[PDB]
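Quick setup: one chain, the form deposited in one PDB entry, written in structure tokens, and binding and motion questions come after.
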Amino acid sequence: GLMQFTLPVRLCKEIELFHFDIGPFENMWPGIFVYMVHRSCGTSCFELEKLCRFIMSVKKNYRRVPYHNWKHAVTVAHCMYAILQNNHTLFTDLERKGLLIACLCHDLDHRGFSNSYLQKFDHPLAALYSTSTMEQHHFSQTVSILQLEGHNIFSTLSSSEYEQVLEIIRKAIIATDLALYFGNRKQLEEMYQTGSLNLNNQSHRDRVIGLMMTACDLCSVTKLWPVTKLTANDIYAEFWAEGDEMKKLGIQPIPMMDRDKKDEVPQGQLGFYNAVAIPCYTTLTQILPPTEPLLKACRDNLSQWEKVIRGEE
């Protein structure tokens, strides 16, 4: 009832900042997430015994892959927490509630392979879900954990609030499909610039929550350089394993996934910052001005990749 979660001082302060790293102590990550729900949503959003049981089933359903693991789930939710705390009054009670959960769940049961590798391997999930294959699976796994006994953290919501919150979570998780990001950002750019962007238009809110989801999902490019650079090793560890598997199916993988083309990593990061990360955080900053630190941190890391190329590290 009167049972606040507290963090040591350095964490209590740094968790409010966009560039926070949740640290290497896995056993503190659930405490961090509950702390964020309590401050973002209130101590009354969720029955604590249910939330804790839900967090631990979510954790169990993430796998020990190098990048798309439980640490990423909690990192992406912390970024969403920072956006919600710096844009307090722009979001409904239900949006606050759905989005942190969506972020914790957005990569449930990921195997460390792209939608592309599933389709070329001809994985059962690719016939059940022809587009956003893994992302429809992540949502399906979320609804499964919600229907386990003692796990329905949304039990107190009305029939119709429950359905809105599962619909916010479904669109939030689908939007983490980066193939959908490009179109969704282009539309958001045009609506903002011609002045048509309207946050009372539910289809516009959808778009805006989708862009936040892409921003939170890519938030490793907004950390301090030593965090960003070591995360790149985890990311390439998956991409190269998928490369290996492509070659096993008789297919030349794209260079990004070819461990034989390691040399050209720095130049490939530039591509990614310019083609994906910078545009994402630019459009997000225009629509939500208090998210600017994400843009500035991204630009700092692009500039660190330029330095890697010029032999200066």
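Note that residue numbering follows the sequence shown and begins at 1. In this text, the rigid core denotes the largest set of C-alpha atoms whose superposition between the two forms falls within 1.5 Å.
For the pair 193-201 and 207-215, the record assigns the higher mean C-alpha temperature factor to 193-201. According to the PDB record, 148-156 carries the higher mean C-alpha B-factor of the two stretches 121-129 and 148-156.
Ranking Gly31, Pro255, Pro279, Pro266 by Cα temperature factor from the entry places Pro255 first. For the set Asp177, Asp234, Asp107, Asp93, the PDB entry puts the maximum C-alpha B factor at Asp93. Ranked against the other modelled residues of its chain, the C-alpha B-factor of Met36 as given in the entry falls in the middle third.
Split the chain's modelled residues into thirds by C-alpha temperature factor. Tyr273 is in the lowest one. Among all modelled residues in this chain, the alpha-carbon of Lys247 has a temperature factor (C-alpha) in the middle third. Among the modelled residues of the chain, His138 sits in the lowest third by CA temperature factor in this PDB entry. In the PDB entry, a CA B factor belonging to the middle third of its chain's modelled residues is recorded for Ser116.
Form deposited in another entry: not shown, discussed below.
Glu26 is the only residue from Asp258, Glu47, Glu264, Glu26 whose Cα shifts by 2 Å or more between this form and the one not shown, the rigid core being superposed. After superposition on the rigid core, displacement of the C-alpha of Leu249 between this form and the one not shown amounts to 2 Å or more.
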